[PDB]
>>> print(open('coords-v4.pdb').read())   # PDB, C-alpha atoms and all ligand atoms
MODEL        1
ATOM      1  CA  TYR A   1     -70.996 -30.233-192.912  1.00  0.00           C
ATOM      2  CA  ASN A   2     -73.479 -33.102-193.434  1.00  0.00           C
ATOM      3  CA  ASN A   3     -76.914 -32.182-194.787  1.00  0.00           C
ATOM      4  CA  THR A   4     -79.103 -33.956-192.224  1.00  0.00           C
ATOM      5  CA  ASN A   5     -82.232 -32.288-193.589  1.00  0.00           C
ATOM      6  CA  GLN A   6     -84.727 -33.700-196.138  1.00  0.00           C
ATOM      7  CA  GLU A   7     -84.381 -30.596-198.290  1.00  0.00           C
ATOM      8  CA  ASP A   8     -81.666 -29.585-200.713  1.00  0.00           C
ATOM      9  CA  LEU A   9     -79.300 -26.880-199.353  1.00  0.00           C
ATOM     10  CA  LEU A  10     -77.828 -23.975-201.297  1.00  0.00           C
ATOM     11  CA  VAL A  11     -74.222 -23.451-199.918  1.00  0.00           C
ATOM     12  CA  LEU A  12     -72.120 -20.374-200.728  1.00  0.00           C
ATOM     13  CA  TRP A  13     -68.384 -19.747-200.138  1.00  0.00           C
ATOM     14  CA  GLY A  14     -65.651 -17.606-201.636  1.00  0.00           C
ATOM     15  CA  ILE A  15     -61.988 -16.922-202.230  1.00  0.00           C
ATOM     16  CA  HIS A  16     -60.065 -13.724-201.826  1.00  0.00           C
ATOM     17  CA  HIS A  17     -57.717 -12.634-204.641  1.00  0.00           C
ATOM     18  CA  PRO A  18     -55.302 -10.173-203.088  1.00  0.00           C
ATOM     19  CA  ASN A  19     -53.283  -7.302-204.608  1.00  0.00           C
ATOM     20  CA  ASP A  20     -49.702  -8.449-204.078  1.00  0.00           C
ATOM     21  CA  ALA A  21     -47.509 -10.867-202.148  1.00  0.00           C
ATOM     22  CA  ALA A  22     -47.151  -8.544-199.159  1.00  0.00           C
ATOM     23  CA  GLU A  23     -50.885  -8.354-198.614  1.00  0.00           C
ATOM     24  CA  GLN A  24     -51.028 -12.149-198.964  1.00  0.00           C
ATOM     25  CA  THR A  25     -48.616 -12.532-196.072  1.00  0.00           C
ATOM     26  CA  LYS A  26     -50.235  -9.849-193.943  1.00  0.00           C
ATOM     27  CA  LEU A  27     -53.648 -11.538-194.100  1.00  0.00           C
ATOM     28  CA  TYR A  28     -52.870 -15.214-194.355  1.00  0.00           C
ATOM     29  CA  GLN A  29     -49.154 -15.747-193.519  1.00  0.00           C
ATOM     30  CA  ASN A  30     -48.816 -18.611-195.980  1.00  0.00           C
ATOM     31  CA  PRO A  31     -47.598 -17.435-199.403  1.00  0.00           C
ATOM     32  CA  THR A  32     -49.008 -20.312-201.461  1.00  0.00           C
ATOM     33  CA  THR A  33     -52.581 -21.263-200.721  1.00  0.00           C
ATOM     34  CA  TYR A  34     -55.652 -23.206-201.881  1.00  0.00           C
ATOM     35  CA  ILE A  35     -59.247 -24.024-201.000  1.00  0.00           C
ATOM     36  CA  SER A  36     -60.409 -27.501-201.860  1.00  0.00           C
ATOM     37  CA  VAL A  37     -64.094 -28.328-201.835  1.00  0.00           C
ATOM     38  CA  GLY A  38     -65.706 -31.775-202.276  1.00  0.00           C
ATOM     39  CA  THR A  39     -69.161 -33.369-202.130  1.00  0.00           C
ATOM     40  CA  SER A  40     -70.550 -36.476-203.849  1.00  0.00           C
ATOM     41  CA  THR A  41     -70.295 -34.488-207.146  1.00  0.00           C
ATOM     42  CA  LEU A  42     -68.143 -31.466-206.561  1.00  0.00           C
ATOM     43  CA  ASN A  43     -64.350 -31.731-206.912  1.00  0.00           C
ATOM     44  CA  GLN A  44     -63.021 -28.208-206.688  1.00  0.00           C
ATOM     45  CA  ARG A  45     -59.590 -26.769-205.949  1.00  0.00           C
ATOM     46  CA  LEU A  46     -59.352 -22.959-206.022  1.00  0.00           C
ATOM     47  CA  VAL A  47     -56.150 -20.922-206.014  1.00  0.00           C
ATOM     48  CA  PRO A  48     -55.890 -17.205-205.416  1.00  0.00           C
ATOM     49  CA  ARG A  49     -54.846 -15.102-208.331  1.00  0.00           C
ATOM     50  CA  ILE A  50     -52.681 -12.167-207.843  1.00  0.00           C
ATOM     51  CA  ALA A  51     -53.172  -9.416-210.475  1.00  0.00           C
ATOM     52  CA  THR A  52     -52.815  -5.639-210.366  1.00  0.00           C
ATOM     53  CA  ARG A  53     -56.265  -4.287-210.679  1.00  0.00           C
ATOM     54  CA  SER A  54     -58.181  -1.088-210.842  1.00  0.00           C
ATOM     55  CA  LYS A  55     -59.752   0.042-207.587  1.00  0.00           C
ATOM     56  CA  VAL A  56     -63.481  -0.590-207.400  1.00  0.00           C
TER
ATOM     57  CA  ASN B   1     -68.658  -0.116-238.065  1.00  0.00           C
ATOM     58  CA  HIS B   2     -65.226   1.554-237.510  1.00  0.00           C
ATOM     59  CA  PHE B   3     -61.956   1.262-235.452  1.00  0.00           C
ATOM     60  CA  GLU B   4     -59.120   3.719-234.987  1.00  0.00           C
ATOM     61  CA  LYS B   5     -56.095   1.563-234.359  1.00  0.00           C
ATOM     62  CA  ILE B   6     -53.964   3.284-231.694  1.00  0.00           C
ATOM     63  CA  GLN B   7     -50.556   2.557-230.266  1.00  0.00           C
ATOM     64  CA  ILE B   8     -50.882   1.727-226.527  1.00  0.00           C
ATOM     65  CA  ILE B   9     -47.385   0.346-225.764  1.00  0.00           C
ATOM     66  CA  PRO B  10     -44.551   1.420-228.104  1.00  0.00           C
ATOM     67  CA  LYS B  11     -42.390  -1.448-229.383  1.00  0.00           C
ATOM     68  CA  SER B  12     -39.450   0.887-228.726  1.00  0.00           C
ATOM     69  CA  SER B  13     -40.205   1.080-224.989  1.00  0.00           C
ATOM     70  CA  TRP B  14     -39.032  -2.394-223.966  1.00  0.00           C
ATOM     71  CA  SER B  15     -35.722  -1.317-222.502  1.00  0.00           C
ATOM     72  CA  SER B  16     -35.062  -4.539-220.546  1.00  0.00           C
ATOM     73  CA  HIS B  17     -36.231  -7.191-223.061  1.00  0.00           C
ATOM     74  CA  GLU B  18     -35.592  -7.923-226.705  1.00  0.00           C
ATOM     75  CA  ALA B  19     -38.506  -6.699-228.805  1.00  0.00           C
ATOM     76  CA  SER B  20     -37.266  -7.455-232.297  1.00  0.00           C
ATOM     77  CA  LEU B  21     -36.340 -11.095-232.102  1.00  0.00           C
ATOM     78  CA  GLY B  22     -39.845 -12.518-231.830  1.00  0.00           C
ATOM     79  CA  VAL B  23     -40.192 -13.728-235.417  1.00  0.00           C
ATOM     80  CA  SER B  24     -40.904 -17.043-237.045  1.00  0.00           C
ATOM     81  CA  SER B  25     -40.743 -18.954-240.314  1.00  0.00           C
ATOM     82  CA  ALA B  26     -44.428 -19.736-239.610  1.00  0.00           C
ATOM     83  CA  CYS B  27     -45.145 -16.075-240.309  1.00  0.00           C
ATOM     84  CA  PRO B  28     -43.216 -15.210-243.483  1.00  0.00           C
ATOM     85  CA  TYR B  29     -43.289 -11.798-245.061  1.00  0.00           C
ATOM     86  CA  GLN B  30     -41.475 -11.010-248.355  1.00  0.00           C
ATOM     87  CA  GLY B  31     -39.082 -13.908-247.819  1.00  0.00           C
ATOM     88  CA  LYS B  32     -38.218 -13.190-244.204  1.00  0.00           C
ATOM     89  CA  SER B  33     -39.450 -14.502-240.823  1.00  0.00           C
ATOM     90  CA  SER B  34     -42.009 -12.119-239.294  1.00  0.00           C
ATOM     91  CA  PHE B  35     -44.926 -12.192-236.815  1.00  0.00           C
ATOM     92  CA  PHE B  36     -48.342 -10.759-236.041  1.00  0.00           C
ATOM     93  CA  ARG B  37     -47.941  -6.978-236.344  1.00  0.00           C
ATOM     94  CA  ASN B  38     -50.211  -5.730-233.545  1.00  0.00           C
ATOM     95  CA  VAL B  39     -48.569  -7.686-230.711  1.00  0.00           C
ATOM     96  CA  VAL B  40     -44.887  -8.136-229.753  1.00  0.00           C
ATOM     97  CA  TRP B  41     -43.251 -11.543-228.982  1.00  0.00           C
ATOM     98  CA  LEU B  42     -40.804 -10.414-226.234  1.00  0.00           C
ATOM     99  CA  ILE B  43     -37.588 -12.397-225.799  1.00  0.00           C
ATOM    100  CA  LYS B  44     -35.070 -12.390-222.924  1.00  0.00           C
ATOM    101  CA  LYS B  45     -32.164  -9.939-223.152  1.00  0.00           C
ATOM    102  CA  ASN B  46     -28.571 -10.768-222.129  1.00  0.00           C
ATOM    103  CA  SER B  47     -29.774 -14.056-220.666  1.00  0.00           C
ATOM    104  CA  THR B  48     -32.226 -12.240-218.336  1.00  0.00           C
ATOM    105  CA  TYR B  49     -36.012 -11.638-218.423  1.00  0.00           C
ATOM    106  CA  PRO B  50     -36.815  -9.131-215.675  1.00  0.00           C
ATOM    107  CA  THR B  51     -40.394  -9.037-214.405  1.00  0.00           C
ATOM    108  CA  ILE B  52     -42.556  -6.810-216.641  1.00  0.00           C
ATOM    109  CA  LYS B  53     -45.068  -4.413-215.004  1.00  0.00           C
ATOM    110  CA  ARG B  54     -46.822  -2.166-217.505  1.00  0.00           C
ATOM    111  CA  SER B  55     -50.141  -0.336-217.399  1.00  0.00           C
ATOM    112  CA  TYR B  56     -52.235   1.529-219.884  1.00  0.00           C
ATOM    113  CA  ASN B  57     -55.059   3.924-218.907  1.00  0.00           C
ATOM    114  CA  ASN B  58     -57.855   4.416-221.440  1.00  0.00           C
ATOM    115  CA  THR B  59     -57.926   8.222-221.575  1.00  0.00           C
ATOM    116  CA  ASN B  60     -60.303   8.175-224.541  1.00  0.00           C
ATOM    117  CA  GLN B  61     -64.126   8.480-224.493  1.00  0.00           C
ATOM    118  CA  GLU B  62     -64.468   5.306-226.540  1.00  0.00           C
ATOM    119  CA  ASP B  63     -64.215   1.683-225.504  1.00  0.00           C
ATOM    120  CA  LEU B  64     -60.912   0.004-226.523  1.00  0.00           C
ATOM    121  CA  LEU B  65     -60.474  -3.543-227.793  1.00  0.00           C
ATOM    122  CA  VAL B  66     -57.093  -4.817-226.336  1.00  0.00           C
ATOM    123  CA  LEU B  67     -55.395  -8.016-227.531  1.00  0.00           C
ATOM    124  CA  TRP B  68     -52.468  -9.949-225.984  1.00  0.00           C
ATOM    125  CA  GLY B  69     -51.177 -13.502-225.971  1.00  0.00           C
ATOM    126  CA  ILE B  70     -49.128 -16.232-224.361  1.00  0.00           C
ATOM    127  CA  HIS B  71     -46.628 -18.564-225.911  1.00  0.00           C
ATOM    128  CA  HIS B  72     -46.860 -22.294-225.098  1.00  0.00           C
ATOM    129  CA  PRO B  73     -43.465 -23.750-225.915  1.00  0.00           C
ATOM    130  CA  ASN B  74     -42.396 -27.286-226.899  1.00  0.00           C
ATOM    131  CA  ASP B  75     -40.175 -28.309-223.994  1.00  0.00           C
ATOM    132  CA  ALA B  76     -38.210 -27.001-221.026  1.00  0.00           C
ATOM    133  CA  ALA B  77     -35.095 -26.291-223.086  1.00  0.00           C
ATOM    134  CA  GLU B  78     -36.941 -23.984-225.440  1.00  0.00           C
ATOM    135  CA  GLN B  79     -38.497 -22.290-222.398  1.00  0.00           C
ATOM    136  CA  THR B  80     -35.053 -21.438-221.079  1.00  0.00           C
ATOM    137  CA  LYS B  81     -33.658 -20.418-224.451  1.00  0.00           C
ATOM    138  CA  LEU B  82     -36.415 -17.845-225.007  1.00  0.00           C
ATOM    139  CA  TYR B  83     -37.296 -16.645-221.548  1.00  0.00           C
ATOM    140  CA  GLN B  84     -34.576 -17.832-219.102  1.00  0.00           C
ATOM    141  CA  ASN B  85     -37.056 -18.296-216.273  1.00  0.00           C
ATOM    142  CA  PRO B  86     -38.393 -21.868-216.096  1.00  0.00           C
ATOM    143  CA  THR B  87     -41.665 -21.101-214.304  1.00  0.00           C
ATOM    144  CA  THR B  88     -43.638 -18.190-215.665  1.00  0.00           C
ATOM    145  CA  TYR B  89     -46.986 -16.364-215.693  1.00  0.00           C
ATOM    146  CA  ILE B  90     -48.829 -13.409-217.191  1.00  0.00           C
ATOM    147  CA  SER B  91     -51.277 -11.665-214.923  1.00  0.00           C
ATOM    148  CA  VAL B  92     -53.794  -9.243-216.358  1.00  0.00           C
ATOM    149  CA  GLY B  93     -56.208  -6.982-214.424  1.00  0.00           C
ATOM    150  CA  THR B  94     -58.743  -4.227-215.121  1.00  0.00           C
ATOM    151  CA  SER B  95     -61.830  -3.127-213.173  1.00  0.00           C
ATOM    152  CA  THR B  96     -63.410  -6.488-214.221  1.00  0.00           C
ATOM    153  CA  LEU B  97     -60.695  -8.735-215.520  1.00  0.00           C
ATOM    154  CA  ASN B  98     -58.695 -10.904-213.097  1.00  0.00           C
ATOM    155  CA  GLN B  99     -56.587 -13.197-215.226  1.00  0.00           C
ATOM    156  CA  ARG B 100     -53.480 -15.259-214.530  1.00  0.00           C
ATOM    157  CA  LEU B 101     -52.167 -17.301-217.476  1.00  0.00           C
ATOM    158  CA  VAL B 102     -49.536 -20.031-217.304  1.00  0.00           C
ATOM    159  CA  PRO B 103     -47.755 -21.581-220.248  1.00  0.00           C
ATOM    160  CA  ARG B 104     -48.536 -25.166-220.988  1.00  0.00           C
ATOM    161  CA  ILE B 105     -45.911 -27.443-222.197  1.00  0.00           C
ATOM    162  CA  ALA B 106     -47.227 -30.318-224.374  1.00  0.00           C
ATOM    163  CA  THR B 107     -45.719 -32.284-227.249  1.00  0.00           C
ATOM    164  CA  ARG B 108     -47.636 -31.285-230.274  1.00  0.00           C
ATOM    165  CA  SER B 109     -47.910 -31.919-233.942  1.00  0.00           C
ATOM    166  CA  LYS B 110     -46.174 -29.396-236.169  1.00  0.00           C
ATOM    167  CA  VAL B 111     -48.538 -26.934-237.807  1.00  0.00           C
ATOM    168  CA  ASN B 112     -47.020 -24.357-240.185  1.00  0.00           C
ATOM    169  CA  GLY B 113     -43.688 -25.846-239.064  1.00  0.00           C
ATOM    170  CA  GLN B 114     -44.200 -25.214-235.403  1.00  0.00           C
ATOM    171  CA  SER B 115     -45.068 -27.370-232.429  1.00  0.00           C
ATOM    172  CA  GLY B 116     -45.284 -24.364-230.132  1.00  0.00           C
ATOM    173  CA  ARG B 117     -48.607 -22.541-229.831  1.00  0.00           C
ATOM    174  CA  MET B 118     -49.692 -18.936-229.323  1.00  0.00           C
ATOM    175  CA  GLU B 119     -52.978 -18.382-227.420  1.00  0.00           C
ATOM    176  CA  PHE B 120     -54.565 -14.937-227.710  1.00  0.00           C
ATOM    177  CA  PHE B 121     -56.912 -13.126-225.352  1.00  0.00           C
ATOM    178  CA  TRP B 122     -58.910  -9.897-225.499  1.00  0.00           C
ATOM    179  CA  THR B 123     -60.930  -7.501-223.437  1.00  0.00           C
ATOM    180  CA  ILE B 124     -62.865  -4.323-223.839  1.00  0.00           C
ATOM    181  CA  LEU B 125     -61.263  -1.564-221.730  1.00  0.00           C
ATOM    182  CA  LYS B 126     -63.831   1.032-220.801  1.00  0.00           C
ATOM    183  CA  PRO B 127     -63.160   4.765-220.795  1.00  0.00           C
ATOM    184  CA  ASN B 128     -61.081   5.808-217.757  1.00  0.00           C
ATOM    185  CA  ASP B 129     -60.272   2.242-216.764  1.00  0.00           C
ATOM    186  CA  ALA B 130     -56.739   0.826-216.902  1.00  0.00           C
ATOM    187  CA  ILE B 131     -55.215  -2.483-217.824  1.00  0.00           C
ATOM    188  CA  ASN B 132     -52.259  -3.870-215.903  1.00  0.00           C
ATOM    189  CA  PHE B 133     -49.954  -6.513-217.264  1.00  0.00           C
ATOM    190  CA  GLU B 134     -47.351  -8.461-215.251  1.00  0.00           C
ATOM    191  CA  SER B 135     -45.161 -11.296-216.544  1.00  0.00           C
ATOM    192  CA  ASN B 136     -41.756 -12.983-216.152  1.00  0.00           C
ATOM    193  CA  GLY B 137     -41.985 -14.721-219.513  1.00  0.00           C
ATOM    194  CA  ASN B 138     -43.954 -16.047-222.526  1.00  0.00           C
ATOM    195  CA  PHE B 139     -45.826 -12.670-222.819  1.00  0.00           C
ATOM    196  CA  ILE B 140     -47.045 -11.608-226.294  1.00  0.00           C
ATOM    197  CA  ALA B 141     -47.554  -7.947-225.433  1.00  0.00           C
ATOM    198  CA  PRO B 142     -49.918  -5.380-226.989  1.00  0.00           C
ATOM    199  CA  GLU B 143     -48.484  -2.798-229.316  1.00  0.00           C
ATOM    200  CA  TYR B 144     -51.690  -1.654-231.041  1.00  0.00           C
ATOM    201  CA  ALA B 145     -55.294  -1.749-229.770  1.00  0.00           C
ATOM    202  CA  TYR B 146     -58.510  -0.724-231.432  1.00  0.00           C
ATOM    203  CA  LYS B 147     -60.579   2.243-230.359  1.00  0.00           C
ATOM    204  CA  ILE B 148     -64.284   1.690-231.195  1.00  0.00           C
ATOM    205  CA  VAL B 149     -65.322   4.916-232.875  1.00  0.00           C
ATOM    206  CA  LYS B 150     -68.506   3.965-234.710  1.00  0.00           C
ATOM    207  CA  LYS B 151     -71.166   1.444-233.600  1.00  0.00           C
ATOM    208  CA  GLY B 152     -74.198   0.476-235.686  1.00  0.00           C
ATOM    209  CA  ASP B 153     -75.797  -2.314-237.634  1.00  0.00           C
ATOM    210  CA  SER B 154     -73.330  -4.633-239.207  1.00  0.00           C
ATOM    211  CA  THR B 155     -72.889  -8.367-239.774  1.00  0.00           C
ATOM    212  CA  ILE B 156     -70.128 -10.725-240.722  1.00  0.00           C
ATOM    213  CA  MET B 157     -71.316 -12.194-244.006  1.00  0.00           C
ATOM    214  CA  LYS B 158     -69.865 -15.480-245.199  1.00  0.00           C
ATOM    215  CA  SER B 159     -69.252 -15.331-248.978  1.00  0.00           C
ATOM    216  CA  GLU B 160     -66.583 -16.315-251.499  1.00  0.00           C
ATOM    217  CA  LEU B 161     -67.393 -13.358-253.709  1.00  0.00           C
ATOM    218  CA  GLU B 162     -65.355 -10.165-253.781  1.00  0.00           C
ATOM    219  CA  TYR B 163     -66.087  -6.522-254.411  1.00  0.00           C
ATOM    220  CA  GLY B 164     -68.513  -5.723-257.213  1.00  0.00           C
ATOM    221  CA  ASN B 165     -68.070  -1.951-257.495  1.00  0.00           C
ATOM    222  CA  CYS B 166     -71.819  -1.263-257.110  1.00  0.00           C
ATOM    223  CA  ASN B 167     -74.322   0.132-254.648  1.00  0.00           C
TER
HETATM  224  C1  LIG A 201     -57.105   6.649-215.573  1.00  0.00           C
HETATM  225  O1  LIG A 201     -56.719   8.016-215.605  1.00  0.00           O
HETATM  226  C2  LIG A 201     -57.555   9.004-215.022  1.00  0.00           C
HETATM  227  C3  LIG A 201     -56.724  10.288-214.918  1.00  0.00           C
HETATM  228  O2  LIG A 201     -56.721  10.976-216.139  1.00  0.00           O
HETATM  229  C4  LIG A 201     -58.005   8.630-213.598  1.00  0.00           C
HETATM  230  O3  LIG A 201     -59.144   9.393-213.260  1.00  0.00           O
HETATM  231  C5  LIG A 201     -58.847  10.404-212.262  1.00  0.00           C
HETATM  232  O4  LIG A 201     -58.770   9.939-210.933  1.00  0.00           O
HETATM  233  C6  LIG A 201     -58.263  10.927-210.052  1.00  0.00           C
HETATM  234  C7  LIG A 201     -58.135  10.339-208.652  1.00  0.00           C
HETATM  235  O5  LIG A 201     -56.836   9.818-208.477  1.00  0.00           O
HETATM  236  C8  LIG A 201     -59.148  12.172-210.015  1.00  0.00           C
HETATM  237  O6  LIG A 201     -58.512  13.184-209.248  1.00  0.00           O
HETATM  238  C9  LIG A 201     -59.468  12.683-211.419  1.00  0.00           C
HETATM  239  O7  LIG A 201     -60.529  13.618-211.342  1.00  0.00           O
HETATM  240  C10 LIG A 201     -59.877  11.526-212.328  1.00  0.00           C
HETATM  241  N1  LIG A 201     -60.051  11.967-213.699  1.00  0.00           N
HETATM  242  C11 LIG A 201     -61.086  11.527-214.427  1.00  0.00           C
HETATM  243  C12 LIG A 201     -61.140  11.956-215.867  1.00  0.00           C
HETATM  244  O8  LIG A 201     -61.976  10.797-213.975  1.00  0.00           O
HETATM  245  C13 LIG A 201     -58.405   7.166-213.467  1.00  0.00           C
HETATM  246  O9  LIG A 201     -58.579   6.797-212.110  1.00  0.00           O
HETATM  247  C14 LIG A 201     -57.402   6.221-214.122  1.00  0.00           C
HETATM  248  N2  LIG A 201     -57.934   4.888-214.012  1.00  0.00           N
HETATM  249  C15 LIG A 201     -57.459   3.962-213.195  1.00  0.00           C
HETATM  250  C16 LIG A 201     -58.307   2.722-213.046  1.00  0.00           C
HETATM  251  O10 LIG A 201     -56.382   4.092-212.612  1.00  0.00           O
ENDMDL
END
>>> encode(input="coords-v4.pdb", output="structure tokens")
Amino acid sequence: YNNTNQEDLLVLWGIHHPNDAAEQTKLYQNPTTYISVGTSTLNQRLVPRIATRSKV
Amino acid sequence: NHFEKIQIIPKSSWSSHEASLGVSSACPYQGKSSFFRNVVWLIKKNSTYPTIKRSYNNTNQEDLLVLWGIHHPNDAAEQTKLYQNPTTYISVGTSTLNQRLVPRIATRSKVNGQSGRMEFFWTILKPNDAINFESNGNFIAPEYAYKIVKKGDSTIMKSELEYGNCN
């Protein structure tokens, strides 16, 4: 997405950290995943973390 | 102003790993290799290191300070000698924590005789929450944690003096 406006833009996105490998496959198929994000300054590469967590 | 140190995972309960081989000349005690007392340096058993999955539920009314660690070895050969598995992690979760540690190999200067490093982590586990550990190697596991039983004014004072037997 190119910011064609004159104003700065606040952009939000996220990553899902699932519960176990089986859920990973059920939702996304691919077992080993990433999200890379770049702008003129940002250079991000996120990876989901599996952990066993308390329900909230 | 006061802990009660409590056992949360007995050292005797590691039925698939070695729990009494994690000692080092870096940590001498009375002329023998030893190690930090409140955590346990787990070592593979019979050339295997099965995946650990252990939980602890804080059934107390008080917050609990929990400590654990990861070992960063010197090279691939040491990695295999201690843990068998070449590619390892420790995942830790609570209601707020979402951690996944990975050992870092680097070639490091010897300090206290060792080029390996131990990196320690901590969290406060609230009443009725649980902490879940998972690892297939390099895990320095809790044995003792600290229940916070008195809170109040205190400070850490920097001084070279010692006790003066006064009030
Ligand atoms: C830690 O243990 C307590 C059980 O002693 C869990 O709290 C209970 O949750 C169950 C539902 O499965 C309820 O039926 C009980 O009434 C609860 N007891 C209390 C004291 O709240 C608690 O869920 C555990 N924590 C986690 C994150 O698993």
>>> resolve_selection(input="coords-v4.pdb", expression="the PyMOL selection byres (((chain B and resi 122-126) around 6) and not hetatm)", output="count of residues only")
8
>>> closest_residue(input="coords-v4.pdb", among="B:42, B:114, B:96, B:103", to="ligand LIG 201 (chain A)", atoms="all atoms listed in the file")
B:96
>>> resolve_selection(input="coords-v4.pdb", expression="the PyMOL selection byres ((chain A and not hetatm) within 9 of (chain B))", output="NGL selection string")
:A and (17 or 49-56)
>>> write_last_selection(input="coords-v4.pdb", atoms="C-alpha atoms", output="mmCIF file, keeping the file's coordinate frame")
data_model
loop_
_atom_site.group_PDB
_atom_site.id
_atom_site.type_symbol
_atom_site.label_atom_id
_atom_site.label_comp_id
_atom_site.auth_asym_id
_atom_site.auth_seq_id
_atom_site.Cartn_x
_atom_site.Cartn_y
_atom_site.Cartn_z
ATOM 1 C CA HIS A 17 -57.717 -12.634 -204.641
ATOM 2 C CA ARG A 49 -54.846 -15.102 -208.331
ATOM 3 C CA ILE A 50 -52.681 -12.167 -207.843
ATOM 4 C CA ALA A 51 -53.172 -9.416 -210.475
ATOM 5 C CA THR A 52 -52.815 -5.639 -210.366
ATOM 6 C CA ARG A 53 -56.265 -4.287 -210.679
ATOM 7 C CA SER A 54 -58.181 -1.088 -210.842
ATOM 8 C CA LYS A 55 -59.752 0.042 -207.587
ATOM 9 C CA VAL A 56 -63.481 -0.590 -207.400
#
>>> resolve_selection(input="coords-v4.pdb", expression="the PyMOL selection byres (((chain B and resi 49) around 7) and not hetatm)", output="short mmCIF file (atom, residue, chain, number, x, y, z; two decimals) with C-alpha atoms, keeping the file's coordinate frame")
data_model
loop_
_atom_site.label_atom_id
_atom_site.label_comp_id
_atom_site.auth_asym_id
_atom_site.auth_seq_id
_atom_site.Cartn_x
_atom_site.Cartn_y
_atom_site.Cartn_z
CA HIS B 17 -36.23 -7.19 -223.06
CA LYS B 44 -35.07 -12.39 -222.92
CA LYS B 45 -32.16 -9.94 -223.15
CA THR B 48 -32.23 -12.24 -218.34
CA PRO B 50 -36.82 -9.13 -215.68
CA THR B 51 -40.39 -9.04 -214.40
CA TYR B 83 -37.30 -16.64 -221.55
CA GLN B 84 -34.58 -17.83 -219.10
CA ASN B 136 -41.76 -12.98 -216.15
CA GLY B 137 -41.98 -14.72 -219.51
#
>>> residues_around(input="coords-v4.pdb", residues="residue 119 in chain B", least_positions_apart="4", cutoff="10 Å", atoms="all atoms listed in the file", output="ChimeraX atom specification")
/B:68-72,103,140
>>> residues_around(input="coords-v4.pdb", residues="range 9-13 of chain A", least_positions_apart="5", cutoff="12 Å", atoms="all atoms listed in the file", output="ChimeraX atom specification")
/A:1-4,35-37,39,44,46
>>> atom_distance(input="coords-v4.pdb", atom1="CA of residue 33 in chain B", atom2="CA of residue 115 in chain B")
16.4 Å
>>> atom_distance(input="coords-v4.pdb", atom1="CA of residue 156 in chain B", atom2="CA of residue 62 in chain B")
22.1 Å
>>> atom_distance(input="coords-v4.pdb", atom1="CA of residue 16 in chain B", atom2="CA of residue 139 in chain B")
13.7 Å
>>> axis_aligned_box(input="coords-v4.pdb", around="ligand LIG 201 (chain A)", padding_each_side="6 Å", output="AutoDock Vina command-line options")
--center_x -59.2 --center_y 8.2 --center_z -212.3 --size_x 17.6 --size_y 22.9 --size_z 19.7
>>> closest_residue(input="coords-v4.pdb", among="B:104, B:128, B:157, B:113", to="ligand LIG 201 (chain A)", atoms="all atoms listed in the file")
B:128
